[PDB]
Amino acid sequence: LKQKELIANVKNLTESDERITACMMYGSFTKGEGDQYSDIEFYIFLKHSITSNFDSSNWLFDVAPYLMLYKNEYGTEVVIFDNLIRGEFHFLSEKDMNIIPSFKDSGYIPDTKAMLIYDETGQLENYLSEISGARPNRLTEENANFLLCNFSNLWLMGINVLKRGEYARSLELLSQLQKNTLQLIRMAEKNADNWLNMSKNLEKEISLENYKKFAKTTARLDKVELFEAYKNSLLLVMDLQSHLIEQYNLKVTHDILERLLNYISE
């Protein structure tokens, strides 16, 4: 893979460059899930006193020639190499390495070995032992209640703008409630490790039954398809709620969802 060649380049450069103290890889190439369609992604930790004016534009071209480079909304350097492989590079001071422990709240990290690319002082290796084996429990009454409330809120807002005739806006809201729906399916089916990245591997991770029901909650920009998608997403959530009520105390009840159902006609 071209991306494994780029990874080896990153490993080579981060170890030899005096400006760089540590390098941590994340994403699919750290979990055995990388393929030809994958990106590459790293945190690059810099010597504190040169962090501000670090020439990332030049350094990244030293990794490989690129077509395009920009800083995204979260302050990550995002690159498209001339071979069309995407790379995400988060440049921070060595002193901000203390953000690493918070990564234990973000997902399943069974192994940490592929994450350590370079570690000058030993401190990256210690931070990673803090997150190794992390596995947040998503199957909580708090998640189920937040998701059902959020869904009801988004669904009602979406149906309102749809009734108004704001079709594009109801479509945008529909995509937000789809994300909510995936997390709920993952709760109902107890396959919730892919939590923030809820659509990742969906085709391999959920029952055909719920996958098809989810497919029915999608729509193109068209009034009839939108009304159909909204009704189906409420019907799906009604199914998910009757399952989740067996294991959690829910503030959103069938009678509340029933009020939303009757509203579509009004």
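Start at 1 and count along the sequence shown; that's the residue number.
Visitor: Higher average CA B factor in the deposited record is what I'm after, so tell me if that's 102-110 or 185-193.
Guide: Result of the comparison: 102-110.
Visitor: So, looking at the entry's B-factor column for Cα atoms, which has the higher mean, 159-167 or 117-125?
Guide: Comparing 159-167 with 117-125, the higher average CA B-factor belongs to 117-125.
Visitor: Return the residue from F89, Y74, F151, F81 that has the highest Cα B-factor in the entry.
Guide: Answer for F89, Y74, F151, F81: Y74, with the highest C-alpha B-factor.
Visitor: Divide the modelled residues of the chain into thirds by Cα B-factor and specify which third, lowest, middle or highest, holds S57.
Guide: For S57, whose C-alpha B-factor we compare with every modelled residue in the chain, the answer is the middle third.
Visitor: Split the chain's modelled residues into thirds by Cα B-factor; is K95 in the lowest, middle or highest one?
Guide: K95: CA B-factor falls in the highest third of its chain.
Visitor: Using the temperature factors of the C-alpha atoms in this entry, rank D239 within its chain: lowest, middle or highest third.
Guide: As the PDB entry reports it, the C-alpha B-factor of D239 lands in the middle third of its chain.
Visitor: Comparing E33 with the other modelled residues of its chain, is its CA B-factor in the lowest, middle or highest third?
Guide: It belongs to the highest third of the chain when residues are ordered by C-alpha B-factor.
Visitor: Compare the C-alpha B factor of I131 with those of the other modelled residues in its chain, then answer lowest, middle or highest third.
Guide: Highest third of the chain for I131's C-alpha B-factor.
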